[PDB]
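Input: a single structure, listed below in structure tokens.
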Ligand SMILES: [K+]
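Have a look at this one:
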């Protein structure tokens, strides 16, 4: 990997979220290394670890996921894995 | 238009989620839902996939089977029709 | 209740994390309505939905959770549930 990141998705409705977010990840040419989804209280929640063999622009990715999350009524965060290693 | 269940079984999950979800996307299929478990000496995953276009299950079964061999896992794809 | 939030945690190692984070939530006088944890690739992750019957200050909580997170080498995010409910 040149890039790795953890993506967090929080919303109220689960409907179509896994398809939307996985499709977006794929649109951006990122690999899904792992994924998990959990209903928690009244919320549907989803986390994915993603990567690419090329350096990416987190400024762009963060804004792009944020804007995409908004279209689906969910909050999306992306964190570079560089924080841990 | 198309809906299916993909089941994956192998001994080691290293790289399996990326490989299989990557193959799914290469084939233009949507991942509607996904789950994984470690089971005995095995890792398993399942995904429900779909497309707005008709698909050829004959081709897909063969393609996922061949792809599975490259990763040392067994991949089945079954149409949603069969779980009727 | 008057406050509800979703807390998310990411780090490399699970050792001590559940105890540290649940312990911090109780110190802050917050209720855990629900919780879940998973290993995800090489990371330990947990998520919790918390609430209080008193209004809270998310400016303070965000800072406090991030600061506490650092003591445990984990990234802690908190999001008010109001964002998913409120009209505009
Ligand atoms: K939102």
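Residue numbers (the entry's author numbering), protein chains in the order written: chain A, -2 to -1, 1 to 83; chain B, -1, 1 to 83; chain C, -2 to -1, 1 to 86. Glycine is no exception: its CB is placed at the ideal position from the N, C-alpha and C atoms.
Through-space distance from residue j to residue i, alpha-carbon basis
i: residue 38(A); j: residue 33(C); result: 7 angstroms
i: residue 81(B); j: residue 3(B); result: 9 angstroms
i: residue 68(C); j: residue 16(A); result: 30 angstroms
i: residue 78(B); j: residue 61(B); result: 14 angstroms
i: residue 24(B); j: residue 5(B); result: 13 angstroms
i: residue 18(C); j: residue 55(B); result: 52 angstroms
i: residue 11(A); j: residue 47(C); result: 15 angstroms
i: residue 44(C); j: residue 31(A); result: 18 angstroms
i: residue 28(A); j: residue 29(B); result: 15 angstroms
i: residue 8(C); j: residue 83(A); result: 13 angstroms
Minimum Cβ-Cβ distance from residue i to chain C less than 8 angstroms
i: residue 38(A); result: yes
i: residue 19(A); result: no
i: residue 1(A); result: no
i: residue 23(A); result: no
i: residue 47(A); result: yes
Neighbourhood of residue i by C-beta, 6 angstroms cutoff - its chain only, sequence neighbours within 5 removed
i: residue 22(C); result: 66
Any non-hydrogen atom of ligand 1 closer than 7 angstroms to residue i Cβ
i: residue 72(A); result: yes
i: residue 81(C); result: yes
i: residue 68(A); result: yes
Neighbour flag for residue i against chain B, beta carbons, 8 angstroms
i: residue 67(A); result: no
i: residue 8(A); result: no
Proximity test, Cβ basis, 8 angstroms: residue i and chain A
i: residue 11(B); result: no
i: residue 29(B); result: yes
i: residue 72(B); result: no
i: residue 63(C); result: no
i: residue 51(B); result: no
i: residue 55(B); result: no
i: residue 41(C); result: yes
i: residue 33(B); result: yes
i: residue 75(C); result: yes
i: residue 15(C); result: no
Close beta carbons around residue i, own chain, < 7 angstroms, minus the five adjacent residues each side
i: residue -1(A); result: 50, 51, 52, 53
i: residue 64(B); result: 74
i: residue 36(C); result: 43
Per-residue burial, residue i [other beta carbons within 10 Å of its own, 16 or more giving buried]
i: residue 84(A); result: For residue 84(A) there is no data in the structure shown, the boundaries of chain A being -2 and 83.
i: residue 75(C); result: buried
i: residue 71(A); result: exposed
i: residue 20(B); result: buried
Close-in-space but distant-in-sequence residues of the same chain around residue i (CB under 8 angstroms, 5 per side omitted)
i: residue 57(A); result: none
i: residue 59(B); result: 3, 26, 76
i: residue 14(A); result: 70
Ligand 3 heavy atom lying under 7 angstroms from the CB of residue i
i: residue 62(A); result: As for ligand 3, it is missing from this structure, which binds only ligand 1.
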